[PDB]
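Presented below is the structure to which this report refers.
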Amino acid sequence: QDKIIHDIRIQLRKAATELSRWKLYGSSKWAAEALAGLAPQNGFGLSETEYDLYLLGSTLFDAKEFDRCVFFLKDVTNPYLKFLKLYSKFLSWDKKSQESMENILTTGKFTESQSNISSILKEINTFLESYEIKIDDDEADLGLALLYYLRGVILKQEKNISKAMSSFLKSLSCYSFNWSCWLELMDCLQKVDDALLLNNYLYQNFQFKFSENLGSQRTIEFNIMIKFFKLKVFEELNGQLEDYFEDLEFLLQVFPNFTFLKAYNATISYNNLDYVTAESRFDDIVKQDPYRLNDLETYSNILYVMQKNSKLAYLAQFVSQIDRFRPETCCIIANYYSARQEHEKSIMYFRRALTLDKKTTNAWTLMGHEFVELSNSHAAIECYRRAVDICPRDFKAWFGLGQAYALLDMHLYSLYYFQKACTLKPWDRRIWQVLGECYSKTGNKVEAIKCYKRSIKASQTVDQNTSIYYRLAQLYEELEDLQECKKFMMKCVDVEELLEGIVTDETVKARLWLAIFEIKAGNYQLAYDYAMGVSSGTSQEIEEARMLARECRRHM
Amino acid sequence: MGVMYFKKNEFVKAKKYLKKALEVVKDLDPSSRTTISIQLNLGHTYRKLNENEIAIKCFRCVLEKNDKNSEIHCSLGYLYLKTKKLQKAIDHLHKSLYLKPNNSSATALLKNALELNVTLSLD
Amino acid sequence: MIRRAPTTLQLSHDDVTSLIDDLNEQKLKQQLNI
């Protein structure tokens with residue numbers, strides 16, 4: 001620490017003000033809030049005849065009169081005031097840029113298109129090409145990074161991800177300490193192996209512009225938020241972590257009582273399905289910052305699993321008291337109606353939350369689940385689609401499609417959907433088993449076993465493996481491996497000893513088949529031993545087992 | 001002229017004249033149904049000529065120029081199914097069907113890609 | 001004076017059906033080898 005924390009304070013103070021100055025609410029909010037957790041330098045390139053327009057442009061933007069601001073800056077040669085006009089021009093298009101199919105779900109009303117941004121993208125390329133100083137060398141300044149960042153985000157709109165990363169990484173080399181820029185970079189990954197490749201780019205190819213930045217900040221590893229970058233990537237998708245634990249500790253020492261870290265730190269427990277610890281880790285942050293509303297829906301979600309409706313309701317009452325139209329506020333409420341089995345109404349509130357941002361966290365997916373309980377099976381499936389195109393990294397979105405198509409007579413489309421989600425979260429025990437179950441319809445029994453055997457290993461608890469053991473024998477029965485049927489079917493019999501003789505219906509079929517198989521093998525005495533093992537179940541299995549027992553004794 | 005000489009199944013003079021046309025109009029007509037039309041036609045001719053590589057490149061550049069187009073996605077999926085890149089083509093077929101409702105030929109192509117995905121057992 | 005859309009052609013039905021038939025061929029022959 002020592003001067004390292006002090007050097008952060010001065011430069012972080014910058015990232016709070018100019019970001020707020022040129023109307024970036026999201027980035028400035030994170031940075032300024034970081035001042036509080038952390039334990040008036042002014043300057044801009046402007047002329048008096050041009051400084052006036054910035055005041056004109058900024059206040060019109062504040063009054064939310066977006067479209068007038070574009071006209072009033074029609075001809076501006078300023079390096080970065082042009083950014084403000086295009087930023088206003090971009091958003092003016094966006095609000096009316098609603099796809100028709102998604103809009104039907106977005107509202108339920110049930111009732112020039114994109115060329116503007118093409119002009120916008122051409123304008124930004126034209127301006128930079130004709131601009132005096134390019135990004136190369138120690139030239140350029142803070143405003144230039146905004147242009148590239150605005151160029152980068154618009155590139156993502158036409159799904160030009162490959163070029164999008166180049167623009168974003170270019171923008172951040174010029175200026176760091178912009179949180180909003182890295183948020184959009186996250187959506188550029190949609191894959192796991194590229195992350196380490198991108199990590200390799202940062203460690204070797206990437207370099208910072210020390211001219212704008214302060215001391216001990218051009219270096220990548222002395223930078224504090226490159227840790228934040230590493231935190232976000234390894235929580236969206238685990239993969240293989242590199243220095244994840246060690247770097248997390250250092251950033252915890254700095255930034256005391258930082259709510260965002262604690263929320264992220266607690267969120268890790270939810271990704272680890274450690275619910276009991278998660279509530280405690282959520283509970284303190286509520287006490288510290290009662291009026292913080294970001295990522296409270298996660299707190300709702302865990303409470304949904306615990307079904308502490310009494311606790312959840314007061315949470316819903318408390319949240320709605322202080323604000324009633326923020327996306328999390330509607331999201332938590334819609335979650336509440338699900339606890340009351342009122343699935344038909346939870347759609348309405350999720351619908352309200354959706355219109356607020358239309359690119360939220362996994363709220364599209366939760367909307368789809370409620371449709372499933374309504375047996376629509378068609379709103380939900382296309383609903384699950386909207387989560388995919390926005391965020392292709394969502395496990396639940398892909399899973400919902402495969403799960404829903406499983407109910408559909410065709411299972412063929414479901415295999416692909418499960419395959420993608422399998423890559424996203426191979427650690428889940430359910431997905432491998434479900435994939436194998438659907439893959440059995442394919443008739444390629446050999447590949448299902450490789451999936452089936454991995455499901456068992458990843459299933460941890462052995463008691464739940466009893467049901468999947470019987471599935472192994474059934475598939476092996478389709479092949480000339482009846483011996484392999486027995487060796488795995490005797491395993492689930494062994495698990496019954498481990499499961500204190502639960503003697504469920506699954507092992508009832510297992511026990512009778514072994515007796516029949518051993519009778520066919522001539523082992524009457526052995527088959528007679530399992531004959532009395534079926535002491536419970538339906539009547540038909542009891543009479544068949546006694547028939548086997550009677551037959552075995554006659555042969556002795 | 002290129003479209004005609006493609007119709008007559010010559011596949012050579014069509015390509016030459018189309019390349020001449022685009023090399024005339026490299027500087028101008030960046031958009032507005034001129035560059036996209038000529039480039040997609042050249043790519044389709046290359047596909048007919050079985051030269052699929054620059055076909056992939058030109059179809060990709062057309063797609064990045066304009067995304068909302070069912071034909072571009074369907075043809076790129078056809079190109080990928082010509083090779084073995086099913087993982088990168090079925091998404092394109094998905095998008096093409098999403099953009100335009102029927103796409104009967106695209107439906108058949110995607111269905112076949114489905115039986116391929118069943119048939120293949122890649123890790 | 002206005003120009004209309006220049007003539008452009010997409011994948012026909014005959015060629016895609018030829019490809020579907022061929023692709024059935026190489027999804028059909030290989031499992032015989034297996």
- Points 7 angstrom from Cα along the Cβ direction at A:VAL276 and A:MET101: gap in nanometres? 4.6 nm
- Note on the structure: Classified through the alpha carbon gyration tensor (a ≥ b ≥ c as square roots of its eigenvalues; rounded if a/c is under 1.5, else prolate when a/b is larger than b/c, else oblate), region A:31-74 comes out oblate
- Message: For a quick check: sort A:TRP427, A:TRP398, A:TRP513, A:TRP179 by the number of other beta carbons within 10 angstrom, fewest at the front.
- Response: A:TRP427, A:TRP513, A:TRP179, A:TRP398
- Message: With the crude spin-label approximation of a point 7 Å out along Cα→Cβ, what separation in nm comes out for B:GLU23 versus A:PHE110?
- Response: 5.9 nm
- Query: Under unit Cβ charges (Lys, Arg +1; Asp, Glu -1), what dipole magnitude, rounded to 20 debye, does region A:219-339 have relative to its Cα centre?
  - Reply: 580 debye
- Straight distance only, please: which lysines reach the Cα of A:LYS3 with their own Cα at less than 26 Å, same-chain residues fewer than 8 apart left out? A:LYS14, A:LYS29, A:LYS209, A:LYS227, A:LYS230, A:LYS262
- Query: Across peptide C:16-28, how many C-beta atoms of other chains are within 10 Å of each residue C-beta, on average?
  - Reply: 4
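Using a 10 Å cut-off around each Cβ of peptide B:72-82, what is the average number of partner chain Cβ atoms that fall inside?
On the way: counts 1, 0, 3, 2, 0, 1, 5, 1, 0, 4, 3.
Taking the mean over all residues of the peptide, I get 2.
Arranged by the count of other C-beta atoms within 10 angstrom, fewest first, what order do A:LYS82, A:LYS109, B:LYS57 take? Please list the in-between numbers first.
Values: A:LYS82 22, A:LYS109 7, B:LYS57 12.
Least crowded to most crowded, the residues run A:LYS109, B:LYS57, A:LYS82.
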- Which of A:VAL534, B:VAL3 comes first, and how do the rest follow, when ranked by fewest Cβ neighbours within 10 Å? B:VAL3, A:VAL534
- Taking every residue in B:108-115, how many Cβ atoms of other protein chains lie within 10 Å of its Cβ, on average? 4
- Message: Please state the shape class of chain A: rounded when a/c is under 1.5, otherwise prolate if a/b exceeds b/c and oblate if not, all from the C-alpha gyration tensor.
- Response: prolate
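Tell me, what is the FRET efficiency for B:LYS68 and A:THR355 to the nearest 0.05, using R0 = 22 angstrom and their Cβ-Cβ distance as r? Please list the in-between numbers first.
On the way: r = 23 Å, r/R0 = 1.04.
Given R0 = 22 Å and the Cβ-Cβ separation, E is 0.45.
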- Item | Centroid-to-centroid separation of region A:387-455 and region A:70-102 [C-alpha atoms, Å] | 42 Å
- Cα centroid of region B:2-34 to Cα centroid of chain C, whole Å: 22 Å
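Once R0 is set to 22 Å, what does the formula 1/(1 + (r/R0)^6) return for the Cβ-Cβ distance between A:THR126 and A:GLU65, expressed as a FRET efficiency to the nearest 0.05?
On the way: r = 26 Å, r/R0 = 1.20.
My answer for the efficiency is 0.25.
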- So what J values fall out for region A:201-216 if you push phi through Karplus, 6.51 cos²θ - 1.76 cosθ + 1.60 with θ = phi - 60°, rounded to Hz, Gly and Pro as x? 4, 5, 6, 10, 6, 5, 8, 9, 8, 5, 4, 6, 6, 8, x, 6
- Query: Between region A:460-538 and region A:136-154, what's the alpha-carbon centroid distance in Å?
  - Reply: 67 Å
- Members of A:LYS311/A:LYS358; A:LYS163/B:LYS95; A:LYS109/A:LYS191; B:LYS48/C:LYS27; A:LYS396/B:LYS68; A:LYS85/A:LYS109 lying beyond 31 Å, as alpha-carbon distances in this model show: A:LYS109/A:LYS191; A:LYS85/A:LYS109
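Could you order peptides A:152-165, B:10-23 by the average number of other Cβ atoms within 10 Å of their residues, highest first? Please list the in-between numbers first.
Working: A:152-165: 18.2, B:10-23: 15.1.
Highest mean packing first, the order is A:152-165, B:10-23.
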- Rounded to the nearest 0.05, what FRET efficiency is calculated for A:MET410 and B:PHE11 with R0 set to 41 Å and r the Cβ-Cβ distance? 0.55
- Query: How far apart, in nm, are the 7 Å Cα→Cβ label points at A:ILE502 and A:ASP194?
  - Reply: 4.2 nm
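Values in this text are rule-based calculations from the coordinates and carry no lab data. Using ideal geometry, Cβ is built from the backbone for each residue, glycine included, and neighbour counts are taken over all protein chains shown.
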